[PDB]
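**Q** Right, I'll just put the structure down here and ask away after.
Any read-out appearing in this document is the output of simple, stated calculations on the displayed coordinates, not a laboratory observation. With ideal geometry, Cβ positions are generated from the backbone for all residues, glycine too; neighbour counts draw on all protein chains shown.
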Amino acid sequence: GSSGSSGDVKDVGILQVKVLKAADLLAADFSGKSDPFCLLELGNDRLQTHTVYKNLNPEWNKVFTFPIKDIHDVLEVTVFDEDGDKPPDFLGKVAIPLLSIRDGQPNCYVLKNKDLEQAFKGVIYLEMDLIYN
């Protein structure tokens, strides 16, 4: 038991993500509401947040931990909008290199679409943290 689990390569660190919430979220329906959701995808594993209905600003406030295989990786949080039988739609994205991760400060990351060159609509607040084994 005491012995460790030595064997598989030693990871460089761990990326701790914390989904706070979303502000100024575009409205899919005419009424003025939507059922968006945050979907974290890194390396090979992926995790999403609880889907909130009848709310333009879902207070996710969740946490997600993923192994850091390559320090040259980049986490991307794509928020879509679930529409019943119909599949989810793309409502902007956010690309941020782990390196950038300096401190656990609330840094707002505007939702930029494939054309990062410009913006899309509203912004988001994601709190990430870089850890080292």
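**Q** If we keep just the residues of the stretch 26-77 that are in contact with a strand residue (DSSP E or B) (Cβ under 7 Å, 6 or more places away or on another chain) and small (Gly, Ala, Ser), which is surrounded by the most Cβ atoms within 10 Å (Cβ to Cβ)?
**A** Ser34
**Q** Name the pairs: first residue in the stretch 78-105 and more than 23 Å from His50 (Cα to Cα), second residue outside any strand (DSSP E or B) and not aromatic (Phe, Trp, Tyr), Cβ to Cβ under 7 Å, at least 6 apart or on different chains?
**A** What qualifies is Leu98/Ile71; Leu98/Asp73.
**Q** What's the number of the condition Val9 fails, among (1) more than 15 Å from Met128 (Cβ to Cβ); (2) of a type in the set (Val, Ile, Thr); (3) in contact with a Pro (Cβ under 9 Å, 6 or more places away or on another chain)?
**A** (3)
**Q** What pairs can you find where one residue is in the stretch 61-75 and within 12 Å of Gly43 (Cβ to Cβ), the other is outside any strand (DSSP E or B) and of a type in the set (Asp, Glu), and their Cβ atoms are less than 8 Å apart, with a gap of 6+ or different chains?
**A** What qualifies is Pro67/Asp11; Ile68/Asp11; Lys69/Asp11.
**Q** Now a separate question. Among the residues of the stretch 81-94, which ones are crowded, with 20+ Cβ neighbours inside 10 Å and among the hydrophobic types (A, V, I, L, M, F, W, C)?
**A** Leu91
**Q** Yes or no: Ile101 β-branched (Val, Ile, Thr) and within 29 Å of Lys10 (Cβ to Cβ)?
**A** Considered against the rule, which asks whether it is β-branched (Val, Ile, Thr) and within 29 Å of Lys10 (Cβ to Cβ), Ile101 comes out as yes.
**Q** Checking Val17 against (1) touching a strand residue (DSSP E or B) at 6+ places or on another chain (Cβ under 7 Å); (2) exposed (fewer than 15 other Cβ atoms within 10 Å of the Cβ): exactly one of these is not met. Which one?
**A** For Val17, the exception is condition (2).
**Q** So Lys54 fits all but one of (1) in contact with an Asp or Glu (Cβ under 9 Å, 6 or more places away or on another chain); (2) in contact (Cβ under 8 Å) with a residue 40 or more places away in the chain; (3) on the phi > 0 side of the Ramachandran plot; what number is the exception?
**A** So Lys54 meets the others, but not (2).
**Q** How many residues does the stretch 117-133 contain that are surrounded by 12 or more Cβ atoms within 10 Å (Cβ to Cβ) and either basic (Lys, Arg) or out of contact with any strand residue (DSSP E or B) (no Cβ under 7 Å at 6 or more places or on another chain) (or both)?
**A** So the answer is 1.
**Q** If you don't mind, there's one more thing I want to ask. For the stretch 25-34, name all the residues that are in contact with a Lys or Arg (Cβ under 7 Å, 6 or more places away or on another chain) and closer than 30 Å to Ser100 by Cβ.
**A** Passing the criteria: only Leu26.
**Q** Which condition number in (1) in contact (Cβ under 8 Å) with a residue 40 or more places away in the chain; (2) basic (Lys, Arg); (3) under 26 Å from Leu116 (Cβ atoms) is the one that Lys10 fails?
**A** Every listed condition holds for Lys10 apart from (3).
**Q** Being out of contact with any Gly (no Cβ under 7 Å at 6 or more places or on another chain), farther than 27 Å from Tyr132 by Cβ and not basic (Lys, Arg) narrows it down to one residue among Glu76, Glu59; which is it? Spell out how you get there, then give the answer.
**A** On the way: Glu76 fails: farther than 27 Å from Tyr132 by Cβ.
Being out of contact with any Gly (no Cβ under 7 Å at 6 or more places or on another chain), farther than 27 Å from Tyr132 by Cβ and not basic (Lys, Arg) holds for just one of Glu76, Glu59, which is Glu59.
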